[PDB]
Amino acid sequence: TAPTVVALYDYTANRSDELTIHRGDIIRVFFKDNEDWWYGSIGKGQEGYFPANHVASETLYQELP
């Protein structure tokens, strides 16, 4: 429920409690709120919601072409 994942697709924050993520960014998941929205960190003091459908496992990311 609290993996380290990688952004596959860019997302721009659209609320004050969201992250902006870019493809390749490493995200430390803190919570899986529901199937659509997860919450986690991109760095010291940088936390927020992000869409689950924009991320992938480290394994998948490293196996892309």
# chains A, B, ... in the order shown; residues from 1 in each chain; ligands from 1
$ residues_around --residues "residue 27 (chain A)" --least-positions-apart "2" --cutoff "7 Å" --atoms "only C-alpha atoms" --output "VMD selection string"
chain A and resid 4 to 6 25 29 40 to 42
$ write_last_selection --atoms "N, CA and C atoms" --output "CSV table (one decimal), in the first residue's frame"
chain,number,residue,atom,x,y,z
A,4,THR,N,7.3,2.5,-3.8
A,4,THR,CA,8.0,3.5,-4.6
A,4,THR,C,7.8,3.2,-6.1
A,5,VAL,N,7.2,4.2,-6.7
A,5,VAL,CA,6.7,4.0,-8.1
A,5,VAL,C,7.3,5.1,-9.0
A,6,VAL,N,7.1,5.1,-10.3
A,6,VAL,CA,7.6,6.1,-11.2
A,6,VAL,C,6.5,6.7,-12.0
A,25,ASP,N,9.8,10.7,-12.9
A,25,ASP,CA,9.9,11.1,-11.5
A,25,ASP,C,9.6,9.9,-10.5
A,29,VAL,N,5.0,6.4,-2.4
A,29,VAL,CA,3.6,6.4,-2.1
A,29,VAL,C,3.4,6.4,-0.5
A,40,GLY,N,1.4,10.8,-2.0
A,40,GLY,CA,2.8,10.5,-1.7
A,40,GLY,C,3.8,11.6,-1.9
A,41,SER,N,5.0,11.3,-2.0
A,41,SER,CA,6.1,12.3,-1.9
A,41,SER,C,7.0,12.2,-3.1
A,42,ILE,N,7.5,13.4,-3.5
A,42,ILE,CA,8.6,13.5,-4.5
A,42,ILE,C,9.9,14.0,-3.9
$ residues_around --residues "residue 51 (chain A)" --least-positions-apart "6" --cutoff "7 Å" --atoms "only C-alpha atoms" --output "NGL selection string"
:A and (36-38)
$ atom_distance --atom1 "CA of residue 9 (chain A)" --atom2 "CA of residue 35 (chain A)"
16.8 Å
$ select_by_dssp --residues "region 14-62 of chain A" --states "strand (DSSP E)" --output "PyMOL selection string"
chain A and resi 26-32+37-43+46-51+55-57
$ write_last_selection --atoms "N, CA, C and O atoms" --output "PDB file, in the first residue's frame"
ATOM      1  N   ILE A  26      10.409   9.732  -9.544  1.00  0.00           N
ATOM      2  CA  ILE A  26      10.238   8.713  -8.507  1.00  0.00           C
ATOM      3  C   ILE A  26       9.323   9.256  -7.425  1.00  0.00           C
ATOM      4  O   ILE A  26       9.525  10.366  -6.889  1.00  0.00           O
ATOM      5  N   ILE A  27       8.293   8.498  -7.089  1.00  0.00           N
ATOM      6  CA  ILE A  27       7.279   8.864  -6.120  1.00  0.00           C
ATOM      7  C   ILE A  27       7.239   7.844  -5.015  1.00  0.00           C
ATOM      8  O   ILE A  27       7.074   6.648  -5.290  1.00  0.00           O
ATOM      9  N   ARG A  28       7.375   8.275  -3.777  1.00  0.00           N
ATOM     10  CA  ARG A  28       7.190   7.411  -2.620  1.00  0.00           C
ATOM     11  C   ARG A  28       5.734   7.477  -2.188  1.00  0.00           C
ATOM     12  O   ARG A  28       5.270   8.539  -1.740  1.00  0.00           O
ATOM     13  N   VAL A  29       4.972   6.418  -2.405  1.00  0.00           N
ATOM     14  CA  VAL A  29       3.564   6.417  -2.054  1.00  0.00           C
ATOM     15  C   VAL A  29       3.409   6.361  -0.529  1.00  0.00           C
ATOM     16  O   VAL A  29       4.080   5.534   0.106  1.00  0.00           O
ATOM     17  N   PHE A  30       2.538   7.196   0.034  1.00  0.00           N
ATOM     18  CA  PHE A  30       2.182   7.135   1.436  1.00  0.00           C
ATOM     19  C   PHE A  30       0.856   6.442   1.636  1.00  0.00           C
ATOM     20  O   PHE A  30       0.678   5.627   2.554  1.00  0.00           O
ATOM     21  N   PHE A  31      -0.133   6.761   0.783  1.00  0.00           N
ATOM     22  CA  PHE A  31      -1.490   6.232   0.916  1.00  0.00           C
ATOM     23  C   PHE A  31      -2.092   5.965  -0.447  1.00  0.00           C
ATOM     24  O   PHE A  31      -1.898   6.750  -1.383  1.00  0.00           O
ATOM     25  N   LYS A  32      -2.886   4.909  -0.564  1.00  0.00           N
ATOM     26  CA  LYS A  32      -3.726   4.668  -1.686  1.00  0.00           C
ATOM     27  C   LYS A  32      -5.132   5.008  -1.233  1.00  0.00           C
ATOM     28  O   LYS A  32      -5.766   4.248  -0.487  1.00  0.00           O
ATOM     29  N   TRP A  37      -6.989   7.789  -6.970  1.00  0.00           N
ATOM     30  CA  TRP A  37      -6.112   8.821  -6.335  1.00  0.00           C
ATOM     31  C   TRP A  37      -5.245   8.203  -5.289  1.00  0.00           C
ATOM     32  O   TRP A  37      -5.744   7.547  -4.381  1.00  0.00           O
ATOM     33  N   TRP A  38      -3.938   8.418  -5.406  1.00  0.00           N
ATOM     34  CA  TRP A  38      -2.952   8.044  -4.432  1.00  0.00           C
ATOM     35  C   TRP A  38      -2.327   9.324  -3.864  1.00  0.00           C
ATOM     36  O   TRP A  38      -2.576  10.418  -4.386  1.00  0.00           O
ATOM     37  N   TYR A  39      -1.544   9.195  -2.798  1.00  0.00           N
ATOM     38  CA  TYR A  39      -0.965  10.335  -2.123  1.00  0.00           C
ATOM     39  C   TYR A  39       0.435   9.967  -1.742  1.00  0.00           C
ATOM     40  O   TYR A  39       0.690   8.887  -1.199  1.00  0.00           O
ATOM     41  N   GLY A  40       1.409  10.839  -2.011  1.00  0.00           N
ATOM     42  CA  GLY A  40       2.798  10.521  -1.701  1.00  0.00           C
ATOM     43  C   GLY A  40       3.755  11.639  -1.890  1.00  0.00           C
ATOM     44  O   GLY A  40       3.291  12.810  -1.909  1.00  0.00           O
ATOM     45  N   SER A  41       5.038  11.341  -1.983  1.00  0.00           N
ATOM     46  CA  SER A  41       6.077  12.308  -1.907  1.00  0.00           C
ATOM     47  C   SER A  41       7.030  12.206  -3.076  1.00  0.00           C
ATOM     48  O   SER A  41       7.419  11.117  -3.487  1.00  0.00           O
ATOM     49  N   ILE A  42       7.498  13.371  -3.548  1.00  0.00           N
ATOM     50  CA  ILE A  42       8.573  13.481  -4.513  1.00  0.00           C
ATOM     51  C   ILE A  42       9.855  14.050  -3.937  1.00  0.00           C
ATOM     52  O   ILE A  42      10.835  14.221  -4.702  1.00  0.00           O
ATOM     53  N   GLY A  43       9.894  14.308  -2.676  1.00  0.00           N
ATOM     54  CA  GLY A  43      11.046  14.867  -2.032  1.00  0.00           C
ATOM     55  C   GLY A  43      10.752  15.405  -0.668  1.00  0.00           C
ATOM     56  O   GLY A  43       9.585  15.418  -0.263  1.00  0.00           O
ATOM     57  N   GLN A  46       7.626  17.601   0.083  1.00  0.00           N
ATOM     58  CA  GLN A  46       6.860  17.728  -1.152  1.00  0.00           C
ATOM     59  C   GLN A  46       5.899  16.551  -1.298  1.00  0.00           C
ATOM     60  O   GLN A  46       6.277  15.500  -1.826  1.00  0.00           O
ATOM     61  N   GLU A  47       4.684  16.745  -0.807  1.00  0.00           N
ATOM     62  CA  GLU A  47       3.715  15.703  -0.767  1.00  0.00           C
ATOM     63  C   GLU A  47       2.422  16.150  -1.367  1.00  0.00           C
ATOM     64  O   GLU A  47       2.087  17.338  -1.364  1.00  0.00           O
ATOM     65  N   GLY A  48       1.624  15.193  -1.860  1.00  0.00           N
ATOM     66  CA  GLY A  48       0.371  15.522  -2.396  1.00  0.00           C
ATOM     67  C   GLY A  48      -0.319  14.355  -3.089  1.00  0.00           C
ATOM     68  O   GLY A  48       0.273  13.303  -3.292  1.00  0.00           O
ATOM     69  N   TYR A  49      -1.568  14.599  -3.480  1.00  0.00           N
ATOM     70  CA  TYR A  49      -2.323  13.692  -4.296  1.00  0.00           C
ATOM     71  C   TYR A  49      -1.805  13.656  -5.718  1.00  0.00           C
ATOM     72  O   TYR A  49      -1.360  14.656  -6.282  1.00  0.00           O
ATOM     73  N   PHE A  50      -1.939  12.489  -6.366  1.00  0.00           N
ATOM     74  CA  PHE A  50      -1.644  12.329  -7.775  1.00  0.00           C
ATOM     75  C   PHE A  50      -2.505  11.167  -8.318  1.00  0.00           C
ATOM     76  O   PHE A  50      -2.915  10.291  -7.564  1.00  0.00           O
ATOM     77  N   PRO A  51      -2.798  11.184  -9.621  1.00  0.00           N
ATOM     78  CA  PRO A  51      -3.642  10.114 -10.195  1.00  0.00           C
ATOM     79  C   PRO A  51      -2.877   8.829 -10.301  1.00  0.00           C
ATOM     80  O   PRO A  51      -1.784   8.754 -10.893  1.00  0.00           O
ATOM     81  N   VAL A  55       1.069   6.439 -12.993  1.00  0.00           N
ATOM     82  CA  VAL A  55       2.271   5.828 -12.498  1.00  0.00           C
ATOM     83  C   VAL A  55       2.425   4.385 -12.859  1.00  0.00           C
ATOM     84  O   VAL A  55       1.471   3.735 -13.314  1.00  0.00           O
ATOM     85  N   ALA A  56       3.621   3.847 -12.670  1.00  0.00           N
ATOM     86  CA  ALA A  56       3.947   2.466 -12.915  1.00  0.00           C
ATOM     87  C   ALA A  56       4.985   1.998 -11.923  1.00  0.00           C
ATOM     88  O   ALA A  56       5.672   2.805 -11.270  1.00  0.00           O
ATOM     89  N   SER A  57       5.118   0.702 -11.765  1.00  0.00           N
ATOM     90  CA  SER A  57       6.152   0.138 -10.941  1.00  0.00           C
ATOM     91  C   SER A  57       7.537   0.495 -11.458  1.00  0.00           C
ATOM     92  O   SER A  57       7.755   0.737 -12.649  1.00  0.00           O
TER      93      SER A  57
END
